[PDB]
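One structure is given below, encoded as structure tokens.
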Amino acid sequence: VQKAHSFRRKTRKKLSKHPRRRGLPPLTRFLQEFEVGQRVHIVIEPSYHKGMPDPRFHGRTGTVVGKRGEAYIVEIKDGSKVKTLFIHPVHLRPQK
Amino acid sequence: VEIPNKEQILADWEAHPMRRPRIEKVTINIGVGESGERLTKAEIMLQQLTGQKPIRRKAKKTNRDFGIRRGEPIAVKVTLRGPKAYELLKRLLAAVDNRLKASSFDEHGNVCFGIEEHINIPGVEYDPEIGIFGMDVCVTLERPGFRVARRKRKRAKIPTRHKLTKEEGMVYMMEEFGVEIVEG
Amino acid sequence: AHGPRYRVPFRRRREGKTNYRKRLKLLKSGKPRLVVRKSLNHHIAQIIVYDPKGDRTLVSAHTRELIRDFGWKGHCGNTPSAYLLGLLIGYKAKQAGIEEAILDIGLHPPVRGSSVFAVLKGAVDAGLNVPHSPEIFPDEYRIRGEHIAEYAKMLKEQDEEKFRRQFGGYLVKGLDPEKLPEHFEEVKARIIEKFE
Amino acid sequence: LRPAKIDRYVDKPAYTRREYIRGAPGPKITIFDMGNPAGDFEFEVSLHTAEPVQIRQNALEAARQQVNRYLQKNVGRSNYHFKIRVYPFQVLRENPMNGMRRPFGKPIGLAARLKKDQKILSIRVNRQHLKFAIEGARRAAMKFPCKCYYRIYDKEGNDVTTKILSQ
RNA sequence: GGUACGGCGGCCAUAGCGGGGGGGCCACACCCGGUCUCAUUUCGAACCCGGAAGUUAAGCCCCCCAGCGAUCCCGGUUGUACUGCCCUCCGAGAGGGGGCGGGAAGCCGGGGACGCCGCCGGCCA
RNA sequence: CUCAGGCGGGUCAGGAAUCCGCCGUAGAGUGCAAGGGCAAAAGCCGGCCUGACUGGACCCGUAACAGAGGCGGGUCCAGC
């Protein structure tokens, strides 16, 4: 039986959280900032349901191309085409 | 009964003034069991006996066997603290003979009993509104610094050394007022 | 702890000092926060800014400054003392240069007419503007200290032992509970003269 | 019942979750310990399989009955301890026959899935009845669908098969 | 610059839980009383207001431990289990094997671990 | 403000009515399947309210890569 893709389709372990990590995260990730042209990983935080990108892109590295409101604009390369995402910084991580 | 540690624990109470506990609250419950005019009668009874307002304790879950429905006001209760609580406890404990079962004490030196008919400065004014007379009375003790676990800010847990025990509670009751029995 | 699935809260939450849910909302603004805290005998007012390594406090004021540097002879845990400390911290912040801040009463309840809001009124009067609504401040007479003087007069009219127990430290320090409003006006005058 | 060669091998995924397997049958073997489990017996004869296998509950029960009767007859209730170390968890299903249409099978039995060099059963006994223990192990091995061997261990647990048999 | 002082924080158990000893310059507490501010679906219990008669018994602060929990290093099991690429290598089959490249989990033994950092003030100086 | 469940105590009251202590990492609840997330809360109890609104922009998913009418969702500007 074919099943169409939904937001939380086959994310039982991907969006799960460690038992010792329960609760809200530390505020550093919430309050972090990035600059245009920076490269950032996408690590979704399950406990924060706003500004969440599609779990399809969880674990990918993108480029910051601006910031509207509180969310950052991340440009990513899916296959060969370009996709723009709006992600809250809590879901993002700097690339060292 | 007989407490073997009375002497050295007396040395302890006298040596450490802050180790002396006190009755923080006496709770009196009237389990009326039904939401009728008897409930109001018990409410007014405890109002004129204690002097403060009652509380309508509702029923959790529904049980047809006892003729109760969830959320129905069934029983009432009142909490007494301070010197007025001391006086009320004295008169209530005098109501019945000044004897307490030695086994009724909890693990943390908390004791309580029940009275199946008003007898404490009772007043024969029961025909107008009475009939549900009967009261579960439990007393709680505490060494002074137990508000650490009650205050919201910087709440902490008291160690095992600083909390009461059954023997200390019964000896405190004996020393202050009243006597124990061997309950058989 | 019980096992591997036991979640130990943050250190500050375990100690019951910081409300992280409110911390996040306060820090979202990005402006400096005027942190106000109170003890059994003293008040603390500070101006703090965020720093991921650890938040940095720029201007801080303690109520011992009132007793030593400027001269105070009253209990440092009352609404008038809170107002004086708020005025002092506002003047200090304006001297520092910062012009705006947001109040931070920690995990104290927001009950109107309290010491924290007395500090807020003192700061806004000093000049450091903080968003607020005037209805939360304590009464002007309360800030001037009329309540303590009234209680002292009532106690003196009543049995004097109650008055002695209540204010056994003021008399030895050398201050009568009466004329406290005059003492407050004197301290206010010296503060304004020094800072203006 | 179908031939045991159908279920002999372990190529299929494990099928154990009774919360989701509907109509799964109940065990036909309910006794796993016989004799004197508290007794102190010097030697322990264990039967090992030489390859991954699945042993049906029917084979387990047949071996249990044969070995228990033999040991009871030739040793005595209190002079041995016979144990079956493996419980049947795998569920064996068969196609309900339509033909090959909607062919998912329905539960028909259950079996125990065993890995290489794993122990199936153990007989603890003293030096007097070691030959009886060995014969019982051989009789049990005669009832299983794979190749099996037997080993003799002391109370420490080190193999002494060759030395004990030679002596 | 000293301090068995506090406030705001970072990593968020190698930091926790549970125990033993010691302390109160200042400071933090317990503690005393509810006229006023504030509140009890009753209760000054909590929250709030007014203080210092008393106590370091508790919180708090300093030093110690390996009982539970967590987690770091070393040795054994062990290059074991598992696995990527090639194969005219062995097997009736299942499945194994050679060369090159990776490499556990759990358990056993010995150490570690009763937190480490940032900013600013109080008291002394 | 903190739950389920449990231990000890208490007149009627019993396994189960209402109450007093201790333990309690969620073993409760969150309208409804399952999964994920939630402890000074997203749960329980209350106060006020109707942003379940108007005019628009851009972006992701159904439909990876790789085309789409209709639809769902996300990030925002302005008005009230």
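Note on naming: chains are A, B, ... as they come in the structure tokens, residues start from 1 per chain, ligands start from 1 in the order shown.
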Considering only C-alpha atoms (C1' of nucleotides), return as a compact mmCIF listing (two decimals) with C-alpha atoms, in the first residue's frame whatever protein or nucleic-acid residues lie within 12 Å of residue 128 (chain B), sequence-local ones (same chain, fewer than 4 positions apart) excluded.
# COMPACT_ATOMS: atom_id res chain seq x y z
CA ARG B 38 -26.83 17.30 57.06
CA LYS B 41 -25.65 21.27 59.63
CA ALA B 42 -22.08 19.98 59.97
CA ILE B 44 -22.52 25.42 60.79
CA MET B 45 -21.51 23.10 63.64
CA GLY B 123 -23.34 22.53 74.25
CA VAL B 124 -26.64 20.65 74.22
**Request:** Return as a PyMOL selection string the residues belonging to chain F that are within 7 Å of chain A, counting only C-alpha atoms (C1' of nucleotides).
**Result:** chain F and resi 35-37+59-60+65+74-76
**Asked** Which residues come within 8 Å of region 44-53 of chain E, counting only C-alpha atoms (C1' of nucleotides), excluding same-chain residues fewer than 5 positions away, as a PyMOL selection string?
**Response** (chain B and resi 150-151) or (chain C and resi 75+109+111+114+148+165-169) or (chain E and resi 32-34+36-39)
Could you make a table, as JSON lines, of the residues of chain B that have an atom within 8 Å of an atom of chain F, each with its nearest atom pair and distance in Å to one decimal, counting only C-alpha atoms (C1' of nucleotides), in chain and number order?
{"residue": "B:27", "atom": "CA", "partner": "F:20", "partner_atom": "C1'", "distance": 7.2}
{"residue": "B:28", "atom": "CA", "partner": "F:19", "partner_atom": "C1'", "distance": 7.9}
{"residue": "B:29", "atom": "CA", "partner": "F:19", "partner_atom": "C1'", "distance": 5.9}
{"residue": "B:30", "atom": "CA", "partner": "F:18", "partner_atom": "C1'", "distance": 7.6}
{"residue": "B:31", "atom": "CA", "partner": "F:18", "partner_atom": "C1'", "distance": 5.2}
{"residue": "B:33", "atom": "CA", "partner": "F:17", "partner_atom": "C1'", "distance": 6.4}
{"residue": "B:57", "atom": "CA", "partner": "F:18", "partner_atom": "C1'", "distance": 7.3}
{"residue": "B:59", "atom": "CA", "partner": "F:17", "partner_atom": "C1'", "distance": 7.5}
{"residue": "B:66", "atom": "CA", "partner": "F:17", "partner_atom": "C1'", "distance": 6.7}
{"residue": "B:68", "atom": "CA", "partner": "F:17", "partner_atom": "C1'", "distance": 7.7}
{"residue": "B:74", "atom": "CA", "partner": "F:18", "partner_atom": "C1'", "distance": 7.2}
{"residue": "B:75", "atom": "CA", "partner": "F:18", "partner_atom": "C1'", "distance": 5.4}
{"residue": "B:76", "atom": "CA", "partner": "F:18", "partner_atom": "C1'", "distance": 7.6}
{"residue": "B:77", "atom": "CA", "partner": "F:19", "partner_atom": "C1'", "distance": 7.7}
{"residue": "B:104", "atom": "CA", "partner": "F:9", "partner_atom": "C1'", "distance": 6.0}
{"residue": "B:105", "atom": "CA", "partner": "F:9", "partner_atom": "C1'", "distance": 6.6}
{"residue": "B:106", "atom": "CA", "partner": "F:9", "partner_atom": "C1'", "distance": 5.5}
{"residue": "B:107", "atom": "CA", "partner": "F:8", "partner_atom": "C1'", "distance": 6.4}
{"residue": "B:108", "atom": "CA", "partner": "F:21", "partner_atom": "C1'", "distance": 7.2}
{"residue": "B:110", "atom": "CA", "partner": "F:21", "partner_atom": "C1'", "distance": 7.0}
{"residue": "B:111", "atom": "CA", "partner": "F:9", "partner_atom": "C1'", "distance": 6.9}
{"residue": "B:112", "atom": "CA", "partner": "F:10", "partner_atom": "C1'", "distance": 6.0}
{"residue": "B:113", "atom": "CA", "partner": "F:10", "partner_atom": "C1'", "distance": 5.3}
{"residue": "B:114", "atom": "CA", "partner": "F:11", "partner_atom": "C1'", "distance": 5.4}
{"residue": "B:115", "atom": "CA", "partner": "F:11", "partner_atom": "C1'", "distance": 5.7}
{"residue": "B:116", "atom": "CA", "partner": "F:11", "partner_atom": "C1'", "distance": 4.6}
{"residue": "B:134", "atom": "CA", "partner": "F:11", "partner_atom": "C1'", "distance": 6.1}
{"residue": "B:135", "atom": "CA", "partner": "F:11", "partner_atom": "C1'", "distance": 6.8}
{"residue": "B:136", "atom": "CA", "partner": "F:10", "partner_atom": "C1'", "distance": 6.4}
{"residue": "B:137", "atom": "CA", "partner": "F:10", "partner_atom": "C1'", "distance": 7.6}
{"residue": "B:138", "atom": "CA", "partner": "F:20", "partner_atom": "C1'", "distance": 5.7}
{"residue": "B:139", "atom": "CA", "partner": "F:20", "partner_atom": "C1'", "distance": 7.2}
{"residue": "B:140", "atom": "CA", "partner": "F:20", "partner_atom": "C1'", "distance": 7.2}
{"residue": "B:152", "atom": "CA", "partner": "F:40", "partner_atom": "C1'", "distance": 7.9}
**Message:** So that I can check the secondary structure, give me every residue of region 9-180 of chain B assigned alpha helix (DSSP H) by backbone DSSP, as a VMD selection string.
**Reply:** chain B and resid 9 to 15 37 to 50 83 to 95 166 to 176
Could you please write out, as a PDB file with N, CA and C atoms, in the first residue's frame, every residue of region 71-156 of chain D that DSSP assigns to strand (DSSP E or B)?
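Result file result.pdb:
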ATOM      1  N   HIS D  81      19.448 -34.071  37.238  1.00  0.00           N
ATOM      2  CA  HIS D  81      18.717 -32.836  36.960  1.00  0.00           C
ATOM      3  C   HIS D  81      18.728 -32.601  35.457  1.00  0.00           C
ATOM      4  N   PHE D  82      17.556 -32.654  34.833  1.00  0.00           N
ATOM      5  CA  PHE D  82      17.418 -32.489  33.392  1.00  0.00           C
ATOM      6  C   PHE D  82      16.743 -31.155  33.108  1.00  0.00           C
ATOM      7  N   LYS D  83      17.351 -30.353  32.237  1.00  0.00           N
ATOM      8  CA  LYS D  83      16.829 -29.033  31.919  1.00  0.00           C
ATOM      9  C   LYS D  83      16.879 -28.798  30.419  1.00  0.00           C
ATOM     10  N   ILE D  84      15.835 -28.158  29.902  1.00  0.00           N
ATOM     11  CA  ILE D  84      15.796 -27.674  28.525  1.00  0.00           C
ATOM     12  C   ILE D  84      15.991 -26.166  28.571  1.00  0.00           C
ATOM     13  N   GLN D  90       9.747 -18.343  18.283  1.00  0.00           N
ATOM     14  CA  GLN D  90       9.402 -18.134  16.883  1.00  0.00           C
ATOM     15  C   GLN D  90       8.051 -18.765  16.579  1.00  0.00           C
ATOM     16  N   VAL D  91       7.248 -18.078  15.773  1.00  0.00           N
ATOM     17  CA  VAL D  91       5.918 -18.546  15.402  1.00  0.00           C
ATOM     18  C   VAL D  91       5.958 -19.019  13.956  1.00  0.00           C
ATOM     19  N   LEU D  92       5.515 -20.251  13.726  1.00  0.00           N
ATOM     20  CA  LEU D  92       5.496 -20.855  12.404  1.00  0.00           C
ATOM     21  C   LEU D  92       4.098 -20.754  11.815  1.00  0.00           C
ATOM     22  N   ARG D  93       4.024 -20.203  10.604  1.00  0.00           N
ATOM     23  CA  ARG D  93       2.773 -19.943   9.911  1.00  0.00           C
ATOM     24  C   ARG D  93       2.787 -20.636   8.557  1.00  0.00           C
ATOM     25  N   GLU D  94       1.593 -20.845   8.004  1.00  0.00           N
ATOM     26  CA  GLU D  94       1.441 -21.565   6.749  1.00  0.00           C
ATOM     27  C   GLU D  94       0.379 -20.886   5.895  1.00  0.00           C
ATOM     28  N   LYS D 106      -1.093 -18.047   8.239  1.00  0.00           N
ATOM     29  CA  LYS D 106      -1.710 -17.970   9.549  1.00  0.00           C
ATOM     30  C   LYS D 106      -0.950 -18.840  10.541  1.00  0.00           C
ATOM     31  N   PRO D 107      -0.939 -18.485  11.824  1.00  0.00           N
ATOM     32  CA  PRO D 107      -0.148 -19.259  12.787  1.00  0.00           C
ATOM     33  C   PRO D 107      -0.586 -20.715  12.832  1.00  0.00           C
ATOM     34  N   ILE D 108       0.397 -21.613  12.800  1.00  0.00           N
ATOM     35  CA  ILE D 108       0.138 -23.042  12.950  1.00  0.00           C
ATOM     36  C   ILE D 108       0.970 -23.682  14.045  1.00  0.00           C
ATOM     37  N   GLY D 109       2.080 -23.091  14.455  1.00  0.00           N
ATOM     38  CA  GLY D 109       2.855 -23.665  15.529  1.00  0.00           C
ATOM     39  C   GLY D 109       3.902 -22.697  16.017  1.00  0.00           C
ATOM     40  N   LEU D 110       4.857 -23.219  16.780  1.00  0.00           N
ATOM     41  CA  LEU D 110       5.963 -22.398  17.247  1.00  0.00           C
ATOM     42  C   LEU D 110       7.184 -23.272  17.485  1.00  0.00           C
ATOM     43  N   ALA D 111       8.349 -22.630  17.446  1.00  0.00           N
ATOM     44  CA  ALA D 111       9.633 -23.311  17.512  1.00  0.00           C
ATOM     45  C   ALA D 111      10.658 -22.383  18.144  1.00  0.00           C
ATOM     46  N   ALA D 112      11.806 -22.956  18.497  1.00  0.00           N
ATOM     47  CA  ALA D 112      12.907 -22.228  19.109  1.00  0.00           C
ATOM     48  C   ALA D 112      14.028 -22.059  18.093  1.00  0.00           C
ATOM     49  N   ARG D 113      14.486 -20.821  17.923  1.00  0.00           N
ATOM     50  CA  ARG D 113      15.560 -20.502  16.991  1.00  0.00           C
ATOM     51  C   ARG D 113      16.883 -20.476  17.748  1.00  0.00           C
ATOM     52  N   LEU D 114      17.839 -21.293  17.309  1.00  0.00           N
ATOM     53  CA  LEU D 114      19.104 -21.477  18.004  1.00  0.00           C
ATOM     54  C   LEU D 114      20.271 -21.137  17.089  1.00  0.00           C
ATOM     55  N   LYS D 119      23.685 -24.251  23.453  1.00  0.00           N
ATOM     56  CA  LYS D 119      23.248 -25.387  24.249  1.00  0.00           C
ATOM     57  C   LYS D 119      21.736 -25.538  24.162  1.00  0.00           C
ATOM     58  N   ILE D 120      21.287 -26.773  23.971  1.00  0.00           N
ATOM     59  CA  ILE D 120      19.866 -27.093  23.906  1.00  0.00           C
ATOM     60  C   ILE D 120      19.357 -27.608  25.243  1.00  0.00           C
ATOM     61  N   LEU D 121      20.020 -28.621  25.789  1.00  0.00           N
ATOM     62  CA  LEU D 121      19.604 -29.234  27.037  1.00  0.00           C
ATOM     63  C   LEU D 121      20.834 -29.634  27.836  1.00  0.00           C
ATOM     64  N   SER D 122      20.626 -29.784  29.141  1.00  0.00           N
ATOM     65  CA  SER D 122      21.693 -30.099  30.076  1.00  0.00           C
ATOM     66  C   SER D 122      21.210 -31.143  31.071  1.00  0.00           C
ATOM     67  N   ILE D 123      22.063 -32.123  31.347  1.00  0.00           N
ATOM     68  CA  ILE D 123      21.783 -33.162  32.330  1.00  0.00           C
ATOM     69  C   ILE D 123      22.920 -33.149  33.341  1.00  0.00           C
ATOM     70  N   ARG D 124      22.605 -32.787  34.579  1.00  0.00           N
ATOM     71  CA  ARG D 124      23.574 -32.754  35.662  1.00  0.00           C
ATOM     72  C   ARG D 124      23.458 -34.042  36.461  1.00  0.00           C
ATOM     73  N   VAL D 125      24.599 -34.684  36.711  1.00  0.00           N
ATOM     74  CA  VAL D 125      24.629 -36.007  37.325  1.00  0.00           C
ATOM     75  C   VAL D 125      26.003 -36.223  37.944  1.00  0.00           C
ATOM     76  N   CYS D 148      24.323 -32.529  16.028  1.00  0.00           N
ATOM     77  CA  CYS D 148      24.541 -32.145  17.412  1.00  0.00           C
ATOM     78  C   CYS D 148      25.712 -32.929  17.980  1.00  0.00           C
ATOM     79  N   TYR D 149      26.346 -32.346  18.992  1.00  0.00           N
ATOM     80  CA  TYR D 149      27.369 -33.033  19.766  1.00  0.00           C
ATOM     81  C   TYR D 149      27.098 -32.789  21.243  1.00  0.00           C
ATOM     82  N   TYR D 150      27.866 -33.461  22.094  1.00  0.00           N
ATOM     83  CA  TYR D 150      27.695 -33.358  23.533  1.00  0.00           C
ATOM     84  C   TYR D 150      29.042 -33.099  24.188  1.00  0.00           C
ATOM     85  N   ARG D 151      29.012 -32.339  25.279  1.00  0.00           N
ATOM     86  CA  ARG D 151      30.215 -32.000  26.023  1.00  0.00           C
ATOM     87  C   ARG D 151      29.975 -32.206  27.511  1.00  0.00           C
ATOM     88  N   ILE D 152      31.048 -32.530  28.227  1.00  0.00           N
ATOM     89  CA  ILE D 152      30.998 -32.811  29.658  1.00  0.00           C
ATOM     90  C   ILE D 152      31.794 -31.730  30.373  1.00  0.00           C
ATOM     91  N   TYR D 153      31.170 -31.093  31.360  1.00  0.00           N
ATOM     92  CA  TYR D 153      31.775 -30.005  32.109  1.00  0.00           C
ATOM     93  C   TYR D 153      31.744 -30.321  33.597  1.00  0.00           C
TER      94      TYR D 153
END
Non-local contacts of residue 14 (chain E) (12 Å; only C-alpha atoms (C1' of nucleotides); under 2 positions in same chain excluded) as a PDB file with C-alpha atoms (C1' of nucleotides), in the first residue's frame:
ATOM      1  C1'   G E  16      23.132  13.391  40.917  1.00  0.00           C
ATOM      2  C1'   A E  70      26.459   8.310  35.728  1.00  0.00           C
ATOM      3  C1'   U E  71      30.584   8.507  33.001  1.00  0.00           C
ATOM      4  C1'   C E  72      36.448   8.782  31.473  1.00  0.00           C
ATOM      5  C1'   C E  73      41.057   5.837  30.931  1.00  0.00           C
ATOM      6  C1'   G E 112      39.054   8.288  37.884  1.00  0.00           C
ATOM      7  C1'   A E 113      34.811  10.633  39.688  1.00  0.00           C
ATOM      8  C1'   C E 114      31.186  13.609  45.969  1.00  0.00           C
ATOM      9  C1'   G E 115      31.987  19.123  39.647  1.00  0.00           C
ATOM     10  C1'   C E 116      34.968  22.926  36.285  1.00  0.00           C
TER      11        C E 116
END
**Prompt:** Which chain C residues are at most 10 Å from chain A (counting only C-alpha atoms), as a ChimeraX atom specification?
**Reply:** /C:4-10,20-21,23-24,27-28,30,50-53
**Message:** Applying 9 Å and only C-alpha atoms (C1' of nucleotides), which residues near region 134-147 of chain D remain after dropping the ones on its own chain fewer than 4 positions away? List them as a PyMOL selection string.
**Reply:** chain D and resi 4-5+8+45-56+59-60+62-64+66-68+70-71+121-123+129-130+152
**Message:** Show me, as a list in words, the residues of chain E whose atoms get within 12 Å of chain D, using only C-alpha atoms (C1' of nucleotides) for the distance check.
**Reply:**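 Taken together, these residues fit the definition: residues 93, 94, 95 and 96 of chain E.
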**Request:** Provide as a ChimeraX atom specification the residues of chain E at most 10 Å from chain A, counting only C-alpha atoms (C1' of nucleotides).
**Result:** /E:10-13
Dump N, CA and C atoms (P, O5', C5', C4', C3', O3' and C1' of nucleotides) for the selected residues as a PDB file, in the first residue's frame?
ATOM      1  P     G E  10      22.620  29.965  31.774  1.00  0.00           P
ATOM      2  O5'   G E  10      24.119  29.669  31.322  1.00  0.00           O
ATOM      3  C5'   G E  10      24.644  30.226  30.127  1.00  0.00           C
ATOM      4  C4'   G E  10      25.997  29.650  29.794  1.00  0.00           C
ATOM      5  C3'   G E  10      26.066  28.134  29.692  1.00  0.00           C
ATOM      6  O3'   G E  10      25.652  27.662  28.423  1.00  0.00           O
ATOM      7  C1'   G E  10      27.870  28.935  31.006  1.00  0.00           C
ATOM      8  P     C E  11      24.745  26.344  28.304  1.00  0.00           P
ATOM      9  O5'   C E  11      25.754  25.150  28.611  1.00  0.00           O
ATOM     10  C5'   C E  11      26.775  24.809  27.686  1.00  0.00           C
ATOM     11  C4'   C E  11      27.689  23.738  28.228  1.00  0.00           C
ATOM     12  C3'   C E  11      27.019  22.463  28.712  1.00  0.00           C
ATOM     13  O3'   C E  11      26.703  21.575  27.654  1.00  0.00           O
ATOM     14  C1'   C E  11      28.651  23.167  30.284  1.00  0.00           C
ATOM     15  P     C E  12      25.200  21.046  27.451  1.00  0.00           P
ATOM     16  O5'   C E  12      24.816  20.419  28.863  1.00  0.00           O
ATOM     17  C5'   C E  12      25.607  19.389  29.441  1.00  0.00           C
ATOM     18  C4'   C E  12      25.260  19.155  30.890  1.00  0.00           C
ATOM     19  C3'   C E  12      23.922  18.461  31.140  1.00  0.00           C
ATOM     20  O3'   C E  12      24.029  17.610  32.277  1.00  0.00           O
ATOM     21  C1'   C E  12      23.923  20.564  32.205  1.00  0.00           C
ATOM     22  P     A E  13      23.783  16.031  32.135  1.00  0.00           P
ATOM     23  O5'   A E  13      24.822  15.390  33.157  1.00  0.00           O
ATOM     24  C5'   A E  13      25.490  16.192  34.119  1.00  0.00           C
ATOM     25  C4'   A E  13      25.866  15.394  35.341  1.00  0.00           C
ATOM     26  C3'   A E  13      26.434  14.008  35.080  1.00  0.00           C
ATOM     27  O3'   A E  13      27.815  14.030  34.767  1.00  0.00           O
ATOM     28  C1'   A E  13      24.759  13.873  36.740  1.00  0.00           C
TER      29        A E  13
END
**Request:** Show me which bits of chain E are within 9 Å of chain B, counting only C-alpha atoms (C1' of nucleotides), as number ranges by chain.
**Result:** E: 30-31, 41-43, 45-46, 55, 57-59
**Request:** Quick one: everything within 12 Å of residue 120 (chain E), counting only C-alpha atoms (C1' of nucleotides), minus sequence neighbours fewer than 5 positions away in the same chain. Send it as a PyMOL selection string.
**Result:** (chain C and resi 45-49+54-62) or (chain E and resi 6-9)
**Item:** Close residues, residue 77 (chain E) itself excluded, 12 Å, only C-alpha atoms (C1' of nucleotides), min 2 positions apart in chain, as a list in words
**Value:**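 Using only C-alpha atoms (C1' of nucleotides), the neighbours found are residues 75, 79, 80, 81, 106, 107, 108 and 109 of chain E.
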**Asked** Using only C-alpha atoms (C1' of nucleotides), which of C:139, C:15, C:69, C:159 sits nearest chain F?
**Response**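 Answer, going by the shortest atom-to-atom distance: C:15.
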**Prompt:** For chain C against chain B, which residues fall within 12 Å using only C-alpha atoms, given as a ChimeraX atom specification?
**Reply:** /C:11-19,37-39,106-109
Atoms to include: N, CA and C atoms. Write the selected residues as a PDB file, in the first residue's frame.
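For reference, part-v2.pdb as written:
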ATOM      1  N   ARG C  11      21.508  22.946  36.920  1.00  0.00           N
ATOM      2  CA  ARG C  11      22.010  23.240  38.259  1.00  0.00           C
ATOM      3  C   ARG C  11      21.197  24.346  38.920  1.00  0.00           C
ATOM      4  N   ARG C  12      20.938  25.429  38.186  1.00  0.00           N
ATOM      5  CA  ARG C  12      20.206  26.550  38.765  1.00  0.00           C
ATOM      6  C   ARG C  12      18.765  26.169  39.077  1.00  0.00           C
ATOM      7  N   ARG C  13      18.118  25.412  38.188  1.00  0.00           N
ATOM      8  CA  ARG C  13      16.760  24.958  38.467  1.00  0.00           C
ATOM      9  C   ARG C  13      16.732  24.043  39.683  1.00  0.00           C
ATOM     10  N   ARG C  14      17.720  23.155  39.796  1.00  0.00           N
ATOM     11  CA  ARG C  14      17.809  22.280  40.959  1.00  0.00           C
ATOM     12  C   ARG C  14      17.957  23.091  42.237  1.00  0.00           C
ATOM     13  N   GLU C  15      18.793  24.127  42.205  1.00  0.00           N
ATOM     14  CA  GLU C  15      18.948  25.016  43.347  1.00  0.00           C
ATOM     15  C   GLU C  15      17.756  25.945  43.534  1.00  0.00           C
ATOM     16  N   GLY C  16      16.826  25.979  42.582  1.00  0.00           N
ATOM     17  CA  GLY C  16      15.646  26.812  42.698  1.00  0.00           C
ATOM     18  C   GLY C  16      15.952  28.293  42.695  1.00  0.00           C
ATOM     19  N   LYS C  17      16.793  28.734  41.763  1.00  0.00           N
ATOM     20  CA  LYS C  17      17.197  30.131  41.667  1.00  0.00           C
ATOM     21  C   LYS C  17      16.694  30.829  40.414  1.00  0.00           C
ATOM     22  N   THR C  18      16.722  30.168  39.259  1.00  0.00           N
ATOM     23  CA  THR C  18      16.382  30.795  37.989  1.00  0.00           C
ATOM     24  C   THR C  18      15.211  30.078  37.335  1.00  0.00           C
ATOM     25  N   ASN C  19      14.319  30.861  36.733  1.00  0.00           N
ATOM     26  CA  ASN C  19      13.218  30.352  35.920  1.00  0.00           C
ATOM     27  C   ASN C  19      13.639  30.495  34.462  1.00  0.00           C
ATOM     28  N   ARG C  37      16.342  41.781  43.248  1.00  0.00           N
ATOM     29  CA  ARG C  37      16.184  40.669  44.173  1.00  0.00           C
ATOM     30  C   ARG C  37      16.114  41.217  45.591  1.00  0.00           C
ATOM     31  N   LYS C  38      15.506  40.448  46.490  1.00  0.00           N
ATOM     32  CA  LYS C  38      15.340  40.881  47.868  1.00  0.00           C
ATOM     33  C   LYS C  38      15.637  39.733  48.820  1.00  0.00           C
ATOM     34  N   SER C  39      16.129  40.091  50.001  1.00  0.00           N
ATOM     35  CA  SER C  39      16.446  39.152  51.066  1.00  0.00           C
ATOM     36  C   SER C  39      15.668  39.542  52.320  1.00  0.00           C
ATOM     37  N   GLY C 106      12.899  38.186  38.611  1.00  0.00           N
ATOM     38  CA  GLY C 106      13.189  36.781  38.839  1.00  0.00           C
ATOM     39  C   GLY C 106      11.922  35.970  38.995  1.00  0.00           C
ATOM     40  N   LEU C 107      11.921  35.090  39.993  1.00  0.00           N
ATOM     41  CA  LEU C 107      10.774  34.247  40.293  1.00  0.00           C
ATOM     42  C   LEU C 107       9.960  34.773  41.471  1.00  0.00           C
ATOM     43  N   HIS C 108      10.029  36.076  41.737  1.00  0.00           N
ATOM     44  CA  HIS C 108       9.134  36.690  42.702  1.00  0.00           C
ATOM     45  C   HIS C 108       7.744  36.854  42.090  1.00  0.00           C
ATOM     46  N   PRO C 109       6.686  36.759  42.899  1.00  0.00           N
ATOM     47  CA  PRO C 109       5.345  36.962  42.357  1.00  0.00           C
ATOM     48  C   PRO C 109       5.121  38.420  42.003  1.00  0.00           C
TER      49      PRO C 109
END
